[PDB]
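> Quick one: the structure is below, and I'll ask about it shortly.
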Amino acid sequence: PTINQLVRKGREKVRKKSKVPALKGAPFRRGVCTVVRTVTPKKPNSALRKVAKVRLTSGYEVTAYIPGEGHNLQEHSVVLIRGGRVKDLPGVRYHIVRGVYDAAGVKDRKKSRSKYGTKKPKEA
Amino acid sequence: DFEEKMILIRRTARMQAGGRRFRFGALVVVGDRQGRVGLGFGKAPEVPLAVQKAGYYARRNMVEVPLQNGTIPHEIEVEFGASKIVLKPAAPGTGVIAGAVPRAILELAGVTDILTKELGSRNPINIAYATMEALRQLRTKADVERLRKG
Amino acid sequence: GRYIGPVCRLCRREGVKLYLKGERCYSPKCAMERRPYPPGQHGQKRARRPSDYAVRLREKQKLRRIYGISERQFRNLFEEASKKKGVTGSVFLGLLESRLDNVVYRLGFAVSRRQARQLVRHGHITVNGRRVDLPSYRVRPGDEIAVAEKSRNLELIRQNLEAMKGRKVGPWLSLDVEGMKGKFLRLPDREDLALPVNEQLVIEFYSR
Amino acid sequence: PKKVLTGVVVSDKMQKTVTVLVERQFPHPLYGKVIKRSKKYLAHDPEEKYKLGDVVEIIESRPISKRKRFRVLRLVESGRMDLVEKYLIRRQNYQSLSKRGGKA
Amino acid sequence: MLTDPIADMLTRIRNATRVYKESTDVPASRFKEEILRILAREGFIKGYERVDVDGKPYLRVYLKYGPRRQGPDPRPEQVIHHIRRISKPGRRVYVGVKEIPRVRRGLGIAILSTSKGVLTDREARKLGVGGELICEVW
Amino acid sequence: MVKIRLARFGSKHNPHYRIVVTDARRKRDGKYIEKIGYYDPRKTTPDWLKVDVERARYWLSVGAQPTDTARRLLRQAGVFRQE
RNA sequence: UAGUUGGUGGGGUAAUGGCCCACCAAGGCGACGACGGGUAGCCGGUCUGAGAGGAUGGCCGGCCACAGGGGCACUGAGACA
RNA sequence: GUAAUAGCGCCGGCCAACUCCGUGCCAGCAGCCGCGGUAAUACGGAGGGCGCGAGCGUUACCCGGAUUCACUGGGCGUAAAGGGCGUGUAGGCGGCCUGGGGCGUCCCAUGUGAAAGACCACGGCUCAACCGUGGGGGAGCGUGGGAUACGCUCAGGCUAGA
């Protein structure tokens, strides 16, 4: 583009699109469980991914992954969503925070406990 | 004498019936850290023969870097393919501030203080050639004065 | 809290001797004696061609573990030595050698850098009279670094200042083994230090 | 200093007032080339002296009306519609580029 | 039409040198002659001289090159490795005496046009003045 | 009413005032009209009170009304001593 | 687009002024973006960046606006408080 | 006057840190590429290791890397990109010589350009963070004076464009 053109029209600044309408552009959002289904993976992967429809306080109704060996989520259990998709589950854009509200932490988690919200086991 | 740094070695494949058939390519820098650097790209059916071939190739084709107190005489920008390399002289204590490929050369080159920048295509192999060319083009108030005598 | 944990293991990981214990690190036991390979279940296995990162990483870790300093503090010194005029590389080392706790070590009061850190900490040190218990305290040129009177009688201090008889001192220092005093003459230069370090790579590492 | 400006009278259609078209130049803050913008000032002409085509010097004054803070200090050079033309011709292209389109 | 006489000249020169012409003509203009004056003084061109082509005034520009070289492509290194127009119509470029660039770390020059005449960046800085940044040579 | 007073500029437990010429109505730490001195309550250094008596006298020359404590410091730097 | 743009006379103010009023003129603005919709308090600075630039303006300081929402004046040097 | 809180993340590549066991496209991991269907440095534990340390790691958001809106600093034969072609308005740009003007442009002086911050120096709190003092740099605009090569304008001339 000629200098005179740049003067006329000028460059247009690029605009990024969110990948987590956890609305309020908040760090976390709490919602209520609706369905504690279990989806199946995509392309190659196979298994029974534990998922959950959630009615957020942000007005949105979303699907969230439930990390951990085993959970305790039910129909109307209150939960906290943290954002983070799951490559295999098309449609799941947030993870559920374990150890908050109704989602109990993972039992027998002796490692990456910070995630899977499990307290420090007292070594006998 | 010549120190020998290896920039990158890749596996590269080819096709025949029955399957793939690989070769290895190795980019190697060679320098005395005194003002002599050579770049060589050697390919061979085996990693070692490759490095060795490169080493040998680098040793032939050396460049004389007009160092001045561990830094360079002036800034040059050089494009090679879609790779653009930018060199700017620095005071002492600055360090060799550049991405690997560029650095590795600049070090054996004997440089010890520079400001660098890779622009455009960042293909190590092309950024390498780009660097070497940039070094070749360096000139000194001497050479310049010499060039404009007549 | 600066590290505090097995230390002859760092000596080993850097595959180079580190005097993180003053004495012993001589008596055939710095471990770097008949066991200079890195710690752990893999130490004896063959090492692979390190990455440019690995090299710059290892170099910094060395220069740093030598002064038992935290990355946090280490980094700030570096960014300080980067702004100030003069070859960053050496200027950086100058500042590292100006730590009161280092000087004490340099002047023989303490056997190690750790020990010196404590002597400074537990008050057993002086700087132009006024006592200073800040290991990160920056000693300037023209400062007397004496041992605390009350401590001049301390068993520890008498041993070290004893064996210190004869032992020469850095050309940027000087000490009166009598009144257990010493002076910081000038900022040491890169040549003054026989550091198994290549600040070249340390600067480059903070370049990334 | 009460600001003084120079422009052309592109309009004599009002009573005791004239429209002076002051031109201005300067370097683009980012691309540096010298660009040239322009603004119209309504200046007070009591004597109804100044006519269409006159180049005049405008002077910062005390408000005379809303949208009118300048008085015709003086005449620099009379008659020269070559300028009024640009201004009018430009107004003429406006007469389009909407749902139809400006001539040429 | 001939949109930029000055740029036309730098190009004629860039073009001729690339094929190693000895001479090279460019329509004469006071201003263009002023520039050539520097080109010579700074040692970029053997020199130049007024001449008449087809009856009209021109300036012969005597090009200069390095010596013959070794290995393949014995073509001489150019004395004028570079020469780019800067201020151009519809994008004029002026600089204060504090903004006069330092071309090629000093090994190259920059020709300005000041109310004190056409000078090189060093000359300008001396006389402490600025002005339209005609070009850059090195 | 224009005053000559102190302006807190220290920090917690490390107060450092600025003998200032401001309008009575501003925040104490707000925008002043001019600085004319400074005061270190704890004399932490040999130089704990500068005053530029030249300027003060000017301000008083036209209605500047000093806080009591400000006046007491201005007196120390002999802004009033009329010998 | 009609107090809308200018004019003449006048009101009001500490004071200029369509600020307000009577009468007169026909106008004024727009693609150099009027009018309308949306968003927003704005700013020394701050973050980042080799720089150019990008992003930002909560704490602190400067200005503006508001005071449960809307409108209004009184008293005063000063408030529409 | 007593030897006297430690933790958190990570160890397939990017990226510094590897072995055994359990599991068997499951249970799970996942930022991207991807990993798990009986030898898994990629899942879970353990041992060992790397990083950082009243911390460590996650989520959210902004900038850098991104010369990925390119003024610095990009492009349009075939990768995304020449308008289907012309005529021409506004606008952008402008052959050779001389003279006037001095609008752009350049210079000088002067006024303004807050404080805080940024930079350098010295100083205060045991250091530092923080804070104090001093100095330097910094566009823009007002005013007076000056220059006239280039751009503009005016007058005149010529012809290399038309």
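Lettering and numbering for the structure tokens are positional, with chains as A, B, ... in the shown order, residues counted from 1 in each chain, and ligands counted from 1 in the shown order.
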Excluding residue 5 in chain B and any residue of its chain fewer than 2 positions from it, enumerate the residues within 12 Å of it, using only C-alpha atoms (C1' of nucleotides), and give them as a ChimeraX atom specification.

/B:2-3,7-9,26-33,37-40,51-52,54-55,58,100-109 /C:49-52

> Counting only C-alpha atoms (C1' of nucleotides), give me one row per residue of chain E with an atom at most 10 Å from an atom of chain H, showing the shortest contact pair and its distance in Å to one decimal, sorted by chain then residue number, as a tab-separated table.


```
residue	atom	partner	partner_atom	distance
E:1	CA	H:161	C1'	5.8
E:2	CA	H:95	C1'	7.2
E:3	CA	H:94	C1'	5.6
E:4	CA	H:94	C1'	7.5
E:5	CA	H:95	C1'	9.2
E:27	CA	H:160	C1'	8.4
E:28	CA	H:96	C1'	8.6
E:29	CA	H:96	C1'	7.7
E:30	CA	H:149	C1'	9.5
E:31	CA	H:149	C1'	7.3
E:34	CA	H:149	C1'	8.6
E:53	CA	H:160	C1'	9.8
E:54	CA	H:160	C1'	9.1
E:55	CA	H:160	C1'	9.0
E:56	CA	H:160	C1'	6.5
E:57	CA	H:160	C1'	8.8
E:88	CA	H:93	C1'	9.3
E:89	CA	H:93	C1'	5.9
E:90	CA	H:93	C1'	5.9
E:91	CA	H:93	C1'	9.6
E:92	CA	H:151	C1'	8.4
E:93	CA	H:105	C1'	9.4
E:94	CA	H:105	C1'	7.0
E:95	CA	H:106	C1'	8.4
E:96	CA	H:106	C1'	7.5
E:97	CA	H:106	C1'	8.5
E:112	CA	H:149	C1'	9.3
E:113	CA	H:149	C1'	5.7
E:114	CA	H:106	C1'	5.5
E:115	CA	H:147	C1'	5.0
E:116	CA	H:147	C1'	6.3
E:117	CA	H:149	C1'	4.6
E:118	CA	H:149	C1'	6.0
E:119	CA	H:149	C1'	9.5
E:127	CA	H:107	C1'	9.1
E:128	CA	H:107	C1'	7.4
E:129	CA	H:107	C1'	5.8
E:130	CA	H:106	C1'	5.0
E:131	CA	H:106	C1'	4.9
E:132	CA	H:105	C1'	6.7
E:133	CA	H:150	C1'	9.8
E:134	CA	H:150	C1'	8.8
```

> As a compact mmCIF listing (two decimals) with N, CA, C and O atoms, in the first residue's frame, please: the residues near residue 51 in chain A (cut-off 7 Å, only C-alpha atoms (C1' of nucleotides), same-chain neighbours under 4 positions excluded).


```txt
# COMPACT_ATOMS: atom_id res chain seq x y z
N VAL A 36 -24.84 -36.13 34.69
CA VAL A 36 -23.50 -36.63 34.89
C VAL A 36 -23.25 -37.78 33.92
O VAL A 36 -22.92 -38.88 34.32
N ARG A 37 -23.39 -37.50 32.62
CA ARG A 37 -23.21 -38.50 31.57
C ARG A 37 -21.78 -39.05 31.48
O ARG A 37 -21.00 -38.95 32.42
N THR A 38 -21.47 -39.65 30.34
CA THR A 38 -20.16 -40.23 30.07
C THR A 38 -19.99 -40.41 28.57
O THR A 38 -20.46 -41.39 27.98
N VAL A 39 -19.30 -39.45 27.97
CA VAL A 39 -19.04 -39.41 26.55
C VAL A 39 -17.93 -40.37 26.12
O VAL A 39 -17.21 -40.92 26.94
N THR A 63 -20.80 -27.98 29.30
CA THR A 63 -20.32 -29.34 29.53
C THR A 63 -18.90 -29.23 30.08
O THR A 63 -18.07 -28.51 29.53
N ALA A 64 -18.60 -29.95 31.15
CA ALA A 64 -17.28 -29.87 31.76
C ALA A 64 -16.65 -31.22 32.09
O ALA A 64 -17.34 -32.14 32.54
N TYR A 65 -15.34 -31.34 31.89
CA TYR A 65 -14.66 -32.58 32.20
C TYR A 65 -14.54 -32.75 33.71
O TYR A 65 -14.51 -31.76 34.46
N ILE A 66 -14.46 -33.99 34.17
CA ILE A 66 -14.32 -34.29 35.59
C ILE A 66 -13.04 -35.11 35.74
O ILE A 66 -13.06 -36.34 35.66
```

> Residues of chain A no more than 8 Å from chain H, counting only C-alpha atoms (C1' of nucleotides): send them over as a list in words.

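Per the criterion, chain A yields residues 4, 11, 12, 13, 14, 25, 26, 27, 28, 44, 45, 46, 47, 68, 69, 82, 83, 86, 87, 110, 114 and 115 of chain A.
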
> Would you mind reading off the distance between CA of residue 87 in chain D and CA of residue 60 in chain D, one decimal, in Å?

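Rounded to one decimal, the two atoms are 23.3 Å apart.
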
> Dump as a Markdown table the rows for residues of chain F within 9 Å of chain H: closest atom pair and distance in Å with one decimal, only C-alpha atoms (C1' of nucleotides) counted, ordered by chain and rising residue number.


```
| residue | atom | partner | partner_atom | distance |
| --- | --- | --- | --- | --- |
| F:9 | CA | H:131 | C1' | 8.7 |
| F:10 | CA | H:131 | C1' | 6.7 |
| F:11 | CA | H:131 | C1' | 7.1 |
| F:14 | CA | H:131 | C1' | 8.2 |
| F:16 | CA | H:132 | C1' | 8.1 |
| F:31 | CA | H:115 | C1' | 7.3 |
| F:32 | CA | H:115 | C1' | 8.6 |
| F:44 | CA | H:124 | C1' | 6.7 |
| F:45 | CA | H:124 | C1' | 7.0 |
```

> Go through range 60-113 of chain A and collect every residue that DSSP, computed from the backbone, puts in strand (DSSP E); the answer should be as a PDB file with C-alpha atoms, in the first residue's frame.


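What ended up in part.pdb:
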```
ATOM      1  CA  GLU A  61     -25.274 -24.049  30.348  1.00  0.00           C
ATOM      2  CA  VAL A  62     -22.056 -25.955  29.625  1.00  0.00           C
ATOM      3  CA  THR A  63     -20.317 -29.343  29.532  1.00  0.00           C
ATOM      4  CA  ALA A  64     -17.279 -29.874  31.759  1.00  0.00           C
ATOM      5  CA  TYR A  65     -14.658 -32.582  32.198  1.00  0.00           C
ATOM      6  CA  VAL A  78     -22.824 -27.594  43.046  1.00  0.00           C
ATOM      7  CA  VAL A  79     -19.484 -27.332  41.286  1.00  0.00           C
ATOM      8  CA  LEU A  80     -16.687 -24.952  40.217  1.00  0.00           C
ATOM      9  CA  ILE A  81     -15.540 -24.652  36.581  1.00  0.00           C
ATOM     10  CA  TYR A  94     -13.867 -26.426  30.920  1.00  0.00           C
ATOM     11  CA  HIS A  95     -12.630 -28.761  33.629  1.00  0.00           C
TER      12      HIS A  95
END
```

> Would you kindly report the residues of chain D within 6 Å of chain G, using only C-alpha atoms (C1' of nucleotides), as an MDAnalysis selection string?

chainID D and resid 14:15 63 65

> Just to confirm, what's the straight-line distance from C1' of residue 1 in chain H to CA of residue 124 in chain C in Å (one decimal)?

17.0 Å

> Write out as a PyMOL selection string all residues of chain D that DSSP puts in helix (DSSP H, G or I) for this structure's backbone.

chain D and resi 81-94

> Taking a cut-off of 10 Å and counting only C-alpha atoms (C1' of nucleotides), can you build a table that, for each residue of chain D near chain H, reports the nearest atom pair and how far apart they are in Å (one decimal), sorted by chain then residue number, as a tab-separated table?


```
residue	atom	partner	partner_atom	distance
D:1	CA	H:142	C1'	7.0
D:2	CA	H:142	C1'	9.8
D:3	CA	H:142	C1'	9.1
D:24	CA	H:103	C1'	9.5
D:25	CA	H:104	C1'	7.4
D:26	CA	H:104	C1'	8.4
D:28	CA	H:71	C1'	9.7
D:29	CA	H:71	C1'	9.2
D:30	CA	H:71	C1'	5.5
D:31	CA	H:71	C1'	4.5
D:32	CA	H:71	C1'	7.5
D:33	CA	H:71	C1'	9.7
D:34	CA	H:104	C1'	8.7
D:35	CA	H:92	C1'	10.0
D:86	CA	H:90	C1'	8.1
D:87	CA	H:90	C1'	9.6
D:89	CA	H:90	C1'	7.3
D:90	CA	H:90	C1'	5.7
D:91	CA	H:90	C1'	9.2
D:92	CA	H:90	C1'	9.2
D:93	CA	H:90	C1'	7.1
D:94	CA	H:90	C1'	9.7
D:102	CA	H:89	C1'	7.7
D:103	CA	H:89	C1'	5.9
D:104	CA	H:89	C1'	3.0
```

> Could you take the residues named above and write them with C-alpha atoms, as a JSON list (two decimals), in the first residue's frame?


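New file result35.json:
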```json
[["chain", "number", "residue", "atom", "x", "y", "z"],
["D", 1, "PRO", "CA", -0.70, 36.12, 21.37],
["D", 2, "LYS", "CA", -4.13, 36.20, 19.87],
["D", 3, "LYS", "CA", -3.72, 33.53, 17.17],
["D", 24, "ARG", "CA", -2.59, 23.73, 7.44],
["D", 25, "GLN", "CA", 0.35, 21.33, 7.06],
["D", 26, "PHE", "CA", 2.39, 19.05, 9.28],
["D", 28, "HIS", "CA", 2.09, 12.67, 10.21],
["D", 29, "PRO", "CA", 2.83, 11.58, 13.80],
["D", 30, "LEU", "CA", 3.73, 8.02, 12.74],
["D", 31, "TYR", "CA", 4.39, 7.91, 8.98],
["D", 32, "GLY", "CA", 6.11, 11.27, 8.90],
["D", 33, "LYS", "CA", 5.07, 12.44, 5.43],
["D", 34, "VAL", "CA", 3.80, 16.01, 5.37],
["D", 35, "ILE", "CA", 0.04, 15.78, 5.14],
["D", 86, "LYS", "CA", -11.22, 23.37, -5.21],
["D", 87, "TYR", "CA", -13.43, 23.88, -2.18],
["D", 89, "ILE", "CA", -15.73, 21.21, -6.58],
["D", 90, "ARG", "CA", -15.04, 19.11, -3.51],
["D", 91, "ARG", "CA", -18.42, 20.02, -2.06],
["D", 92, "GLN", "CA", -19.86, 18.94, -5.41],
["D", 93, "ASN", "CA", -18.52, 15.37, -5.24],
["D", 94, "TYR", "CA", -20.34, 15.07, -1.93],
["D", 102, "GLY", "CA", -19.88, 11.45, -7.46],
["D", 103, "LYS", "CA", -19.16, 12.53, -11.07],
["D", 104, "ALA", "CA", -15.61, 13.14, -12.36]]
```

> Find, counting only C-alpha atoms, the residue in C:8, C:66, C:163, C:91 that gets nearest to chain B.

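Checking each candidate against chain B, we get C:91 as the closest.
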
> Pick out the residues sitting within 8 Å of residue 50 in chain F, and hand them over as a PDB file with C-alpha atoms, in the first residue's frame; count only C-alpha atoms (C1' of nucleotides), and ignore anything fewer than 4 positions along from it in its own chain.


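See out-v4.pdb below for the written result:
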```pdb
ATOM      1  CA  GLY F  37      12.240  23.366  51.692  1.00  0.00           C
ATOM      2  CA  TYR F  38      12.145  19.975  53.322  1.00  0.00           C
ATOM      3  CA  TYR F  39      12.297  18.619  56.841  1.00  0.00           C
ATOM      4  CA  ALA F  77      16.654  28.704  59.082  1.00  0.00           C
TER       5      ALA F  77
END
```
